$ cat target_1.cif   # mmCIF, C-alpha atoms and all ligand atoms
data_data
#
loop_
_atom_site.label_atom_id
_atom_site.label_comp_id
_atom_site.auth_asym_id
_atom_site.auth_seq_id
_atom_site.Cartn_x
_atom_site.Cartn_y
_atom_site.Cartn_z
CA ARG A 5 -3.59 16.52 27.64
CA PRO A 6 -7.09 16.95 26.18
CA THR A 7 -10.39 15.77 27.58
CA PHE A 8 -11.53 12.41 26.33
CA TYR A 9 -15.04 10.99 26.12
CA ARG A 10 -16.24 7.39 25.93
CA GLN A 11 -18.88 5.42 24.01
CA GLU A 12 -19.58 1.84 22.79
CA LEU A 13 -19.77 1.05 19.05
CA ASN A 14 -20.62 -2.29 17.28
CA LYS A 15 -19.32 -4.34 20.25
CA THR A 16 -16.21 -2.13 20.96
CA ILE A 17 -15.07 0.57 23.44
CA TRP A 18 -13.96 3.96 21.94
CA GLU A 19 -12.32 6.65 24.14
CA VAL A 20 -11.34 9.69 22.11
CA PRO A 21 -10.62 13.45 22.49
CA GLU A 22 -13.64 15.82 22.37
CA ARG A 23 -11.92 17.28 19.33
CA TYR A 24 -13.37 14.26 17.38
CA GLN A 25 -17.19 14.20 17.09
CA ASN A 26 -19.88 12.05 15.42
CA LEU A 27 -18.10 8.76 15.21
CA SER A 28 -19.73 6.43 12.73
CA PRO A 29 -18.35 2.99 11.79
CA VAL A 30 -17.36 2.55 8.15
CA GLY A 31 -16.78 -0.47 5.90
CA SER A 32 -18.35 -3.19 8.11
CA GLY A 33 -14.92 -4.41 9.36
CA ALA A 34 -13.24 -4.32 5.91
CA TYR A 35 -10.87 -1.59 7.00
CA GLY A 36 -10.30 -2.53 10.58
CA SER A 37 -12.22 -1.08 13.47
CA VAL A 38 -12.46 2.42 11.93
CA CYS A 39 -14.84 5.36 12.42
CA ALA A 40 -15.57 8.36 10.27
CA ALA A 41 -15.61 11.39 12.54
CA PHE A 42 -15.76 15.16 12.43
CA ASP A 43 -12.63 17.01 13.49
CA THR A 44 -13.66 20.23 15.31
CA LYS A 45 -10.11 21.62 15.05
CA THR A 46 -10.28 21.82 11.19
CA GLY A 47 -13.97 21.31 10.39
CA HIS A 48 -12.91 18.28 8.28
CA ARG A 49 -14.13 14.74 8.11
CA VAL A 50 -11.46 12.24 9.28
CA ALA A 51 -11.05 8.53 9.84
CA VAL A 52 -10.15 7.14 13.26
CA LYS A 53 -8.73 3.58 13.57
CA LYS A 54 -8.46 1.85 16.95
CA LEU A 55 -5.91 -0.90 16.69
CA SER A 56 -7.17 -4.35 17.62
CA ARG A 57 -5.18 -5.92 20.49
CA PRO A 58 -2.05 -4.00 19.68
CA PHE A 59 0.23 -5.63 22.35
CA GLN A 60 -1.27 -9.06 22.69
CA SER A 61 1.89 -10.82 21.54
CA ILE A 62 5.45 -9.92 20.53
CA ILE A 63 4.31 -10.03 16.91
CA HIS A 64 1.27 -7.77 17.39
CA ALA A 65 3.45 -5.43 19.46
CA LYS A 66 6.03 -5.24 16.68
CA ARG A 67 3.40 -4.81 13.93
CA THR A 68 1.88 -1.98 15.95
CA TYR A 69 5.26 -0.29 16.27
CA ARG A 70 5.93 -0.79 12.53
CA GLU A 71 2.60 0.67 11.50
CA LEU A 72 3.12 3.69 13.68
CA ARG A 73 6.69 4.27 12.48
CA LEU A 74 5.63 4.02 8.81
CA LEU A 75 2.64 6.26 9.25
CA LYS A 76 4.72 8.99 11.02
CA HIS A 77 7.18 8.85 8.20
CA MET A 78 4.84 9.33 5.22
CA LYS A 79 4.62 13.00 4.05
CA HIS A 80 3.55 12.95 0.46
CA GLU A 81 0.44 13.83 -1.40
CA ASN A 82 -0.10 10.36 -2.84
CA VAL A 83 0.62 8.35 0.36
CA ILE A 84 -1.65 8.08 3.37
CA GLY A 85 -0.43 10.26 6.25
CA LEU A 86 -0.90 10.65 9.97
CA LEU A 87 -3.03 13.63 11.17
CA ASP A 88 -2.97 12.44 14.78
CA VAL A 89 -2.14 9.49 17.05
CA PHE A 90 -3.52 9.26 20.56
CA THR A 91 -4.14 7.01 23.54
CA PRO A 92 -6.27 7.78 26.56
CA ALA A 93 -3.52 6.35 28.91
CA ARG A 94 -1.66 8.87 31.15
CA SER A 95 1.45 6.69 31.57
CA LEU A 96 3.32 3.76 30.05
CA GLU A 97 1.91 1.51 32.85
CA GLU A 98 -1.65 2.27 31.70
CA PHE A 99 -0.82 2.13 27.92
CA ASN A 100 -3.06 -0.37 26.12
CA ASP A 101 -4.91 1.32 23.19
CA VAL A 102 -3.65 3.20 20.09
CA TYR A 103 -5.84 5.25 17.86
CA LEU A 104 -4.71 6.51 14.48
CA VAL A 105 -6.25 9.50 12.65
CA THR A 106 -5.96 9.99 8.92
CA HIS A 107 -7.92 11.77 6.19
CA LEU A 108 -11.16 10.09 5.29
CA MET A 109 -10.82 8.96 1.63
CA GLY A 110 -13.76 8.78 -0.83
CA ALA A 111 -13.73 5.27 -2.32
CA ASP A 112 -11.31 2.51 -3.31
CA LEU A 113 -10.29 1.57 -6.83
CA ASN A 114 -11.90 -1.84 -6.54
CA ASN A 115 -15.21 0.11 -6.17
CA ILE A 116 -14.36 2.27 -9.24
CA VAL A 117 -13.25 -0.29 -11.88
CA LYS A 118 -16.13 -2.45 -10.45
CA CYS A 119 -18.37 0.59 -11.27
CA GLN A 120 -16.95 2.81 -14.09
CA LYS A 121 -15.44 1.96 -17.53
CA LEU A 122 -12.37 4.16 -17.10
CA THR A 123 -11.16 6.68 -19.71
CA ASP A 124 -7.57 6.71 -20.95
CA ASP A 125 -7.07 10.16 -19.40
CA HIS A 126 -8.31 8.98 -16.04
CA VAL A 127 -5.96 5.96 -16.27
CA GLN A 128 -2.99 8.29 -17.02
CA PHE A 129 -3.72 10.38 -14.00
CA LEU A 130 -4.45 7.55 -11.54
CA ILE A 131 -1.34 5.50 -12.54
CA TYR A 132 0.73 8.69 -12.53
CA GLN A 133 -0.17 9.35 -8.92
CA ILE A 134 0.49 5.72 -7.87
CA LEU A 135 3.92 5.92 -9.46
CA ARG A 136 4.62 9.26 -7.90
CA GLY A 137 3.80 7.95 -4.42
CA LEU A 138 5.87 4.80 -5.16
CA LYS A 139 8.91 6.89 -6.19
CA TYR A 140 8.68 8.41 -2.72
CA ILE A 141 8.18 5.09 -0.77
CA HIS A 142 10.88 3.38 -2.77
CA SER A 143 13.37 6.21 -2.16
CA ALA A 144 13.16 5.48 1.59
CA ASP A 145 13.78 1.70 0.88
CA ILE A 146 10.21 0.88 1.79
CA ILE A 147 8.44 -1.75 -0.33
CA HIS A 148 4.68 -1.80 -0.31
CA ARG A 149 4.30 -5.54 -1.31
CA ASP A 150 0.55 -5.55 -1.24
CA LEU A 151 -0.50 -3.19 -4.01
CA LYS A 152 -3.99 -3.91 -5.26
CA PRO A 153 -7.08 -1.87 -6.10
CA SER A 154 -8.56 -2.01 -2.58
CA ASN A 155 -5.33 -0.50 -1.15
CA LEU A 156 -5.73 2.66 -3.31
CA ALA A 157 -8.16 5.35 -2.33
CA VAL A 158 -9.35 8.26 -4.42
CA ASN A 159 -11.50 11.38 -3.84
CA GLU A 160 -14.10 13.00 -6.08
CA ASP A 161 -11.33 15.17 -7.59
CA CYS A 162 -9.52 11.87 -8.55
CA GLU A 163 -6.69 12.60 -6.18
CA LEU A 164 -5.23 9.23 -5.17
CA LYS A 165 -3.50 7.94 -2.05
CA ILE A 166 -1.59 4.66 -1.49
CA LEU A 167 -2.35 2.82 1.68
CA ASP A 168 -2.43 -0.65 3.28
CA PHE A 169 -5.54 -1.77 5.05
CA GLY A 170 -3.91 -5.13 5.88
CA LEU A 171 -5.72 -8.45 6.36
CA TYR A 182 -13.42 -10.33 -2.75
CA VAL A 183 -10.04 -9.33 -4.35
CA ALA A 184 -6.94 -11.53 -3.79
CA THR A 185 -3.42 -10.15 -3.28
CA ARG A 186 -2.04 -13.00 -5.42
CA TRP A 187 -3.72 -11.59 -8.54
CA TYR A 188 -1.38 -8.50 -8.33
CA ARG A 189 1.70 -10.19 -6.93
CA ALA A 190 5.05 -10.32 -8.80
CA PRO A 191 6.06 -13.88 -9.90
CA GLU A 192 9.43 -13.67 -8.06
CA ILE A 193 7.74 -13.22 -4.64
CA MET A 194 5.11 -15.78 -5.56
CA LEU A 195 7.37 -18.73 -5.87
CA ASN A 196 10.88 -18.32 -4.27
CA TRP A 197 11.28 -15.12 -2.10
CA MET A 198 15.08 -14.39 -2.24
CA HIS A 199 15.74 -12.32 -5.43
CA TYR A 200 13.38 -9.29 -5.37
CA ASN A 201 13.55 -5.55 -5.17
CA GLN A 202 11.33 -2.52 -5.02
CA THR A 203 10.04 -3.47 -8.54
CA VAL A 204 7.68 -6.10 -7.08
CA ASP A 205 5.42 -3.00 -6.65
CA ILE A 206 5.79 -2.08 -10.29
CA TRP A 207 4.48 -5.53 -11.35
CA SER A 208 1.45 -4.79 -9.23
CA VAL A 209 0.94 -1.36 -10.88
CA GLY A 210 1.08 -3.11 -14.27
CA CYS A 211 -1.71 -5.52 -13.17
CA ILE A 212 -3.74 -2.58 -11.79
CA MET A 213 -3.30 -0.43 -14.93
CA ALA A 214 -4.34 -3.35 -17.12
CA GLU A 215 -7.53 -3.80 -15.12
CA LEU A 216 -8.36 -0.06 -15.30
CA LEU A 217 -7.89 -0.18 -19.07
CA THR A 218 -9.90 -3.38 -19.77
CA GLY A 219 -12.27 -3.69 -16.74
CA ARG A 220 -10.96 -7.27 -16.12
CA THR A 221 -8.53 -8.73 -13.61
CA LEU A 222 -5.47 -9.49 -15.73
CA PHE A 223 -4.32 -12.65 -13.90
CA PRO A 224 -7.18 -14.01 -11.80
CA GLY A 225 -5.46 -17.23 -10.69
CA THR A 226 -7.01 -19.62 -8.16
CA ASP A 227 -3.72 -20.38 -6.33
CA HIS A 228 0.03 -19.88 -6.72
CA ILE A 229 0.47 -22.52 -9.39
CA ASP A 230 -2.49 -21.37 -11.46
CA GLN A 231 -1.39 -17.75 -10.93
CA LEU A 232 2.04 -18.44 -12.39
CA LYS A 233 0.44 -20.23 -15.39
CA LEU A 234 -1.75 -17.26 -16.24
CA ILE A 235 1.31 -15.05 -15.96
CA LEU A 236 3.52 -17.15 -18.25
CA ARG A 237 0.80 -17.27 -20.89
CA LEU A 238 1.11 -13.49 -21.34
CA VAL A 239 4.83 -12.85 -20.69
CA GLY A 240 6.18 -16.20 -21.96
CA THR A 241 8.29 -18.77 -20.14
CA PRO A 242 11.73 -17.60 -18.90
CA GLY A 243 14.56 -17.73 -21.46
CA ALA A 244 18.03 -19.08 -20.62
CA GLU A 245 19.18 -15.57 -19.55
CA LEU A 246 16.57 -15.44 -16.78
CA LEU A 247 16.97 -19.19 -15.89
CA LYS A 248 20.61 -18.40 -15.08
CA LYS A 249 19.49 -16.18 -12.18
CA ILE A 250 17.09 -18.69 -10.54
CA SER A 251 18.86 -20.20 -7.50
CA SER A 252 15.89 -22.27 -6.29
CA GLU A 253 16.41 -25.74 -7.77
CA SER A 254 12.71 -26.66 -7.34
CA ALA A 255 11.53 -23.46 -8.98
CA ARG A 256 13.96 -23.99 -11.85
CA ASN A 257 12.87 -27.60 -12.26
CA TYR A 258 9.23 -26.55 -12.20
CA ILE A 259 9.61 -23.74 -14.78
CA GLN A 260 11.73 -25.82 -17.18
CA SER A 261 9.21 -28.71 -16.76
CA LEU A 262 6.42 -26.64 -18.37
CA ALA A 263 5.71 -26.64 -22.06
CA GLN A 264 7.45 -23.54 -23.36
CA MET A 265 5.33 -20.46 -24.17
CA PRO A 266 6.06 -17.39 -26.33
CA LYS A 267 5.86 -13.86 -25.07
CA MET A 268 2.62 -12.43 -26.37
CA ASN A 269 2.64 -9.12 -28.26
CA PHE A 270 0.76 -6.85 -25.79
CA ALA A 271 -0.76 -4.82 -28.69
CA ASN A 272 -2.62 -8.05 -29.64
CA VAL A 273 -3.86 -8.38 -26.03
CA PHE A 274 -4.74 -4.78 -25.07
CA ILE A 275 -6.34 -4.13 -28.45
CA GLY A 276 -7.43 -0.55 -29.04
CA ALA A 277 -5.53 0.80 -26.00
CA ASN A 278 -3.35 3.92 -26.23
CA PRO A 279 -0.08 2.46 -27.65
CA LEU A 280 1.82 4.46 -25.05
CA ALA A 281 -0.20 2.54 -22.40
CA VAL A 282 0.68 -0.78 -24.16
CA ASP A 283 4.35 0.15 -24.25
CA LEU A 284 4.46 1.09 -20.59
CA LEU A 285 2.71 -2.21 -19.72
CA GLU A 286 5.44 -4.09 -21.67
CA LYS A 287 8.00 -2.34 -19.44
CA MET A 288 6.20 -3.06 -16.18
CA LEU A 289 5.15 -6.66 -16.79
CA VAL A 290 8.58 -8.22 -17.42
CA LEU A 291 9.55 -11.37 -15.67
CA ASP A 292 13.12 -10.49 -14.86
CA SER A 293 13.03 -8.02 -12.00
CA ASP A 294 16.42 -6.60 -13.00
CA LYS A 295 14.87 -5.33 -16.29
CA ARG A 296 11.54 -4.02 -14.98
CA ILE A 297 11.05 -0.28 -15.10
CA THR A 298 11.41 1.62 -11.83
CA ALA A 299 8.87 4.12 -10.51
CA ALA A 300 11.24 7.00 -11.21
CA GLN A 301 11.84 5.83 -14.79
CA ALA A 302 8.15 5.20 -15.41
CA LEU A 303 7.19 8.78 -14.41
CA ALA A 304 9.33 10.00 -17.34
CA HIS A 305 7.52 7.61 -19.77
CA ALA A 306 5.78 9.45 -22.65
CA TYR A 307 2.41 8.11 -21.43
CA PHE A 308 2.53 10.62 -18.56
CA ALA A 309 3.53 13.70 -20.70
CA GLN A 310 0.46 15.67 -19.55
CA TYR A 311 1.39 15.18 -15.85
CA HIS A 312 5.15 14.53 -15.41
CA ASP A 313 6.96 17.33 -13.63
CA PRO A 314 10.44 16.27 -12.59
CA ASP A 315 10.55 19.22 -10.16
CA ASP A 316 7.42 18.02 -8.33
CA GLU A 317 8.12 14.24 -7.78
CA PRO A 318 9.88 14.39 -4.46
CA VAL A 319 11.90 11.68 -2.67
CA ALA A 320 11.57 10.85 1.02
CA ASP A 321 13.74 11.47 4.01
CA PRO A 322 15.62 8.32 4.98
CA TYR A 323 13.76 5.84 7.13
CA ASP A 324 15.45 4.01 9.99
CA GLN A 325 14.41 0.44 9.38
CA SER A 326 17.02 -1.05 11.78
CA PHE A 327 14.28 -2.11 14.23
CA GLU A 328 13.08 -4.76 11.77
CA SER A 329 16.01 -7.07 12.53
CA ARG A 330 15.50 -6.74 16.34
CA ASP A 331 14.00 -9.43 18.63
CA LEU A 332 12.44 -7.74 21.67
CA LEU A 333 9.88 -8.43 24.39
CA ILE A 334 6.27 -7.26 24.25
CA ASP A 335 6.86 -4.59 26.87
CA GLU A 336 9.86 -3.31 24.96
CA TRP A 337 7.87 -2.94 21.69
CA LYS A 338 5.10 -1.38 23.76
CA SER A 339 7.46 1.23 25.24
CA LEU A 340 8.92 2.08 21.90
CA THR A 341 5.41 2.63 20.54
CA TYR A 342 4.62 4.81 23.59
CA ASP A 343 7.72 6.92 22.74
CA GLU A 344 6.52 7.38 19.18
CA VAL A 345 3.06 8.41 20.37
CA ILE A 346 4.58 11.03 22.73
CA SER A 347 7.05 12.44 20.23
CA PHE A 348 4.37 12.90 17.49
CA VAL A 349 4.38 16.45 16.00
CA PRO A 350 1.10 17.09 14.19
CA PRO A 351 1.22 18.30 10.58
CA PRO A 352 0.55 21.94 9.51
CA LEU A 353 -3.26 22.50 9.09
CA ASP A 354 -3.44 25.41 6.46
CA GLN A 355 -5.65 24.44 3.42
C1 LIG A 401 -0.76 -4.01 6.44
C2 LIG A 401 -0.06 -3.44 7.60
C3 LIG A 401 -0.86 -2.35 8.32
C4 LIG A 401 -2.29 -2.75 8.65
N1 LIG A 401 -0.80 -1.20 7.42
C5 LIG A 401 0.13 -0.25 7.56
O1 LIG A 401 1.15 -0.41 8.21
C6 LIG A 401 -0.17 1.10 6.87
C7 LIG A 401 0.91 2.19 6.95
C8 LIG A 401 2.14 1.83 6.14
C9 LIG A 401 2.32 2.42 4.73
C10 LIG A 401 1.02 2.56 3.95
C11 LIG A 401 1.18 3.13 2.54
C12 LIG A 401 2.59 2.99 2.02
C13 LIG A 401 3.20 1.67 2.44
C14 LIG A 401 3.32 1.57 3.95
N2 LIG A 401 -1.42 1.61 7.38
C15 LIG A 401 -2.30 2.24 6.60
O2 LIG A 401 -2.12 2.38 5.40
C16 LIG A 401 -3.52 2.80 7.25
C17 LIG A 401 -3.58 3.17 8.59
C18 LIG A 401 -4.70 3.79 9.11
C19 LIG A 401 -5.80 4.03 8.31
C20 LIG A 401 -7.00 4.76 8.87
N3 LIG A 401 -7.91 5.29 7.86
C21 LIG A 401 -8.89 4.56 7.33
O3 LIG A 401 -9.18 3.42 7.72
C22 LIG A 401 -9.61 5.16 6.18
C23 LIG A 401 -9.32 6.29 5.40
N4 LIG A 401 -10.14 6.43 4.38
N5 LIG A 401 -11.00 5.36 4.49
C24 LIG A 401 -11.97 5.15 3.46
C25 LIG A 401 -13.32 5.33 3.73
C26 LIG A 401 -14.26 5.07 2.74
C27 LIG A 401 -13.85 4.64 1.50
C28 LIG A 401 -12.50 4.46 1.23
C29 LIG A 401 -11.56 4.72 2.21
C30 LIG A 401 -10.72 4.59 5.57
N6 LIG A 401 -11.41 3.49 5.91
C31 LIG A 401 -5.75 3.63 6.98
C32 LIG A 401 -4.63 3.02 6.46
#
$ encode --input "target_1.cif" --output "structure tokens"
Amino acid sequence: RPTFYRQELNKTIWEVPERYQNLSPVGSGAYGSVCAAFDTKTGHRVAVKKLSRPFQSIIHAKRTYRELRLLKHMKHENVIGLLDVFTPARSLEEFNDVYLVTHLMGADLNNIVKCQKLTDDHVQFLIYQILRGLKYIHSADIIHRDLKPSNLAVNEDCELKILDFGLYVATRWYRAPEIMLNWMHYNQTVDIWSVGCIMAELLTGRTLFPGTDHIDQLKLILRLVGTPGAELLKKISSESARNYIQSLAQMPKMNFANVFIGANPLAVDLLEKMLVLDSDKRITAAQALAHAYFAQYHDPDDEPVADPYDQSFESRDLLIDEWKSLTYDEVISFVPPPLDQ
């Protein structure tokens, strides 16, 4: 066990190993309660997040467990990973705080489309890395669900990582129509819809579907992709949804070349394959990586899948102290990653 030290920051108590020095709050609450720090073990900048009230209820306790499990699992260049997890408690009885250490990333993509007017080459590379990280998450049967520009972080070298900072830019604007309305018939390709919205915004500098609510959101969507045909109506089990959709005045699918005018036609084509209404026909991450738009970057020998992830906990109903103990176990069993770089 290392030696900890204590300080107070922006109305919060922080007790951390001496290893971590020069804590400095970042993002004014936008990221959580998170400090930039200096890691004396590596000489690298890192980010340290202290979870807020991790075991206050059964639901917080379970979220805490889930976040820890997911973070310990992710080992891929384009997915956030865990450098360290610690608590100052010496025993389960004392266990009340969880700190998570990750790389400190440079900026989000909201703060890069909001700034730059992105080049086609930069778009290729950024979307390539999203898709590469998604192939990996998807292969472990993990669905992101909340993909949007503020959940993507990039460095000065344009190396990208997928993350989720949790609860300016609304989730609904990137959310797949099938998990907007009903929530039964969806797959991993809800994330691909989101990548299509993101890519469009990087190309044009404009939120593709900036709806004010779920109804307005759907309307903006149908204007581009057209109202569902009879083949897709057949697969809608929600009576109210089906009534709603068929109640609307029918709209043609737009030709995306007439919308994304002047874009690389390989970009346009890929967008037609991502932004399809029927989730059974939407391109997967794995398929999209092989799309000719990523010719400069695709390497089918360097797009790894994940080890399987034991998600069985998600269907369990346990007490706070049980979720707590399980999280304690995962803290104790943590093996830090290899440092060499
Ligand atoms: C919404 C639920 C909870 C809250 N989510 C999770 O469970 C996931 C892990 C799960 C995983 C994430 C990616 C794939 C999908 C699932 N959890 C994290 O992703 C997660 C966990 C911990 C952190 C800690 N790091 C930072 O805060 C950080 C890093 N870079 N910067 C930085 C700084 C300036 C400019 C730009 C960036 C930060 N502020 C960061 C993300």
$ atom_distance --input "target_1.cif" --atom1 "atom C6 of ligand LIG 401 (chain A)" --atom2 "atom CA of residue A:352"
21.0 Å
$ closest_atom_pairs --input "target_1.cif" --of "chain A" --to "ligand LIG 401 (chain A)" --cutoff "8 Å" --atoms "only C-alpha atoms and all ligand atoms" --output "JSON lines"
{"residue": "A:30", "atom": "CA", "partner": "A:LIG401", "partner_atom": "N6", "distance": 6.4}
{"residue": "A:31", "atom": "CA", "partner": "A:LIG401", "partner_atom": "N6", "distance": 6.7}
{"residue": "A:35", "atom": "CA", "partner": "A:LIG401", "partner_atom": "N6", "distance": 5.2}
{"residue": "A:36", "atom": "CA", "partner": "A:LIG401", "partner_atom": "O3", "distance": 6.7}
{"residue": "A:37", "atom": "CA", "partner": "A:LIG401", "partner_atom": "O3", "distance": 7.9}
{"residue": "A:38", "atom": "CA", "partner": "A:LIG401", "partner_atom": "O3", "distance": 5.4}
{"residue": "A:39", "atom": "CA", "partner": "A:LIG401", "partner_atom": "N6", "distance": 7.6}
{"residue": "A:40", "atom": "CA", "partner": "A:LIG401", "partner_atom": "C25", "distance": 7.6}
{"residue": "A:50", "atom": "CA", "partner": "A:LIG401", "partner_atom": "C23", "distance": 7.4}
{"residue": "A:51", "atom": "CA", "partner": "A:LIG401", "partner_atom": "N3", "distance": 4.9}
{"residue": "A:52", "atom": "CA", "partner": "A:LIG401", "partner_atom": "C20", "distance": 5.9}
{"residue": "A:53", "atom": "CA", "partner": "A:LIG401", "partner_atom": "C20", "distance": 5.1}
{"residue": "A:67", "atom": "CA", "partner": "A:LIG401", "partner_atom": "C2", "distance": 7.3}
{"residue": "A:68", "atom": "CA", "partner": "A:LIG401", "partner_atom": "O1", "distance": 7.9}
{"residue": "A:70", "atom": "CA", "partner": "A:LIG401", "partner_atom": "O1", "distance": 6.5}
{"residue": "A:71", "atom": "CA", "partner": "A:LIG401", "partner_atom": "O1", "distance": 3.8}
{"residue": "A:72", "atom": "CA", "partner": "A:LIG401", "partner_atom": "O1", "distance": 7.1}
{"residue": "A:74", "atom": "CA", "partner": "A:LIG401", "partner_atom": "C8", "distance": 4.9}
{"residue": "A:75", "atom": "CA", "partner": "A:LIG401", "partner_atom": "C7", "distance": 5.0}
{"residue": "A:78", "atom": "CA", "partner": "A:LIG401", "partner_atom": "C9", "distance": 7.4}
{"residue": "A:83", "atom": "CA", "partner": "A:LIG401", "partner_atom": "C11", "distance": 5.7}
{"residue": "A:84", "atom": "CA", "partner": "A:LIG401", "partner_atom": "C11", "distance": 5.8}
{"residue": "A:86", "atom": "CA", "partner": "A:LIG401", "partner_atom": "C18", "distance": 7.9}
{"residue": "A:104", "atom": "CA", "partner": "A:LIG401", "partner_atom": "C18", "distance": 6.0}
{"residue": "A:105", "atom": "CA", "partner": "A:LIG401", "partner_atom": "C20", "distance": 6.1}
{"residue": "A:106", "atom": "CA", "partner": "A:LIG401", "partner_atom": "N3", "distance": 5.2}
{"residue": "A:107", "atom": "CA", "partner": "A:LIG401", "partner_atom": "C23", "distance": 5.7}
{"residue": "A:108", "atom": "CA", "partner": "A:LIG401", "partner_atom": "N4", "distance": 3.9}
{"residue": "A:109", "atom": "CA", "partner": "A:LIG401", "partner_atom": "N4", "distance": 3.8}
{"residue": "A:110", "atom": "CA", "partner": "A:LIG401", "partner_atom": "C27", "distance": 4.8}
{"residue": "A:111", "atom": "CA", "partner": "A:LIG401", "partner_atom": "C28", "distance": 3.8}
{"residue": "A:112", "atom": "CA", "partner": "A:LIG401", "partner_atom": "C28", "distance": 5.1}
{"residue": "A:141", "atom": "CA", "partner": "A:LIG401", "partner_atom": "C12", "distance": 6.6}
{"residue": "A:146", "atom": "CA", "partner": "A:LIG401", "partner_atom": "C13", "distance": 7.1}
{"residue": "A:147", "atom": "CA", "partner": "A:LIG401", "partner_atom": "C13", "distance": 6.8}
{"residue": "A:148", "atom": "CA", "partner": "A:LIG401", "partner_atom": "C13", "distance": 4.7}
{"residue": "A:150", "atom": "CA", "partner": "A:LIG401", "partner_atom": "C1", "distance": 7.9}
{"residue": "A:155", "atom": "CA", "partner": "A:LIG401", "partner_atom": "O2", "distance": 7.8}
{"residue": "A:157", "atom": "CA", "partner": "A:LIG401", "partner_atom": "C28", "distance": 5.7}
{"residue": "A:158", "atom": "CA", "partner": "A:LIG401", "partner_atom": "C28", "distance": 7.5}
{"residue": "A:166", "atom": "CA", "partner": "A:LIG401", "partner_atom": "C11", "distance": 5.1}
{"residue": "A:167", "atom": "CA", "partner": "A:LIG401", "partner_atom": "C11", "distance": 3.6}
{"residue": "A:168", "atom": "CA", "partner": "A:LIG401", "partner_atom": "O2", "distance": 3.7}
{"residue": "A:169", "atom": "CA", "partner": "A:LIG401", "partner_atom": "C4", "distance": 4.9}
{"residue": "A:170", "atom": "CA", "partner": "A:LIG401", "partner_atom": "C1", "distance": 3.4}
{"residue": "A:171", "atom": "CA", "partner": "A:LIG401", "partner_atom": "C1", "distance": 6.7}
$ residues_around --input "target_1.cif" --residues "residue A:253" --least-positions-apart "6" --cutoff "12 Å" --atoms "all atoms listed in the file" --output "PyMOL selection string"
chain A and resi 195-196+247+259-261
$ residues_around --input "target_1.cif" --residues "residue A:227" --least-positions-apart "3" --cutoff "12 Å" --atoms "all atoms listed in the file" --output "list in words"
residues 184, 185, 186, 187, 189, 194, 195, 223, 224, 230, 231, 232, 233 and 234 of chain A
$ atom_distance --input "target_1.cif" --atom1 "atom CA of residue A:307" --atom2 "atom CA of residue A:192"
26.5 Å
$ closest_residue --input "target_1.cif" --among "A:355, A:226, A:241, A:203" --to "residue A:288" --atoms "all atoms listed in the file"
A:203
$ build_atoms --input "target_1.cif" --residues "stretch 320-331 of chain A" --atoms "N, CA and C atoms" --output "compact mmCIF listing (two decimals), in the frame of the given file"
# COMPACT_ATOMS: atom_id res chain seq x y z
N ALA A 320 11.78 10.83 -0.43
CA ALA A 320 11.57 10.85 1.02
C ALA A 320 12.85 11.08 1.83
N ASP A 321 12.69 11.59 3.03
CA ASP A 321 13.74 11.47 4.01
C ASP A 321 14.10 9.98 4.31
N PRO A 322 15.33 9.73 4.75
CA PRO A 322 15.62 8.32 4.98
C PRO A 322 14.84 7.79 6.17
N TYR A 323 14.58 6.51 6.12
CA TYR A 323 13.76 5.84 7.13
C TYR A 323 14.63 4.83 7.85
N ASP A 324 14.67 4.93 9.17
CA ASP A 324 15.45 4.01 9.99
C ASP A 324 14.69 2.69 10.17
N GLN A 325 15.06 1.73 9.38
CA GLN A 325 14.41 0.44 9.38
C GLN A 325 15.14 -0.56 10.30
N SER A 326 16.13 -0.10 11.07
CA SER A 326 17.02 -1.05 11.78
C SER A 326 16.22 -1.89 12.77
N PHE A 327 15.16 -1.33 13.35
CA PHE A 327 14.28 -2.11 14.23
C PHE A 327 13.78 -3.46 13.71
N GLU A 328 13.71 -3.62 12.39
CA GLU A 328 13.08 -4.76 11.77
C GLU A 328 13.84 -6.05 12.03
N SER A 329 15.16 -5.93 12.16
CA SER A 329 16.01 -7.07 12.53
C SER A 329 16.15 -7.29 14.05
N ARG A 330 15.44 -6.52 14.88
CA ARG A 330 15.50 -6.74 16.34
C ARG A 330 14.46 -7.72 16.87
N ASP A 331 14.84 -8.44 17.93
CA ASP A 331 14.00 -9.43 18.63
C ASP A 331 13.85 -8.98 20.08
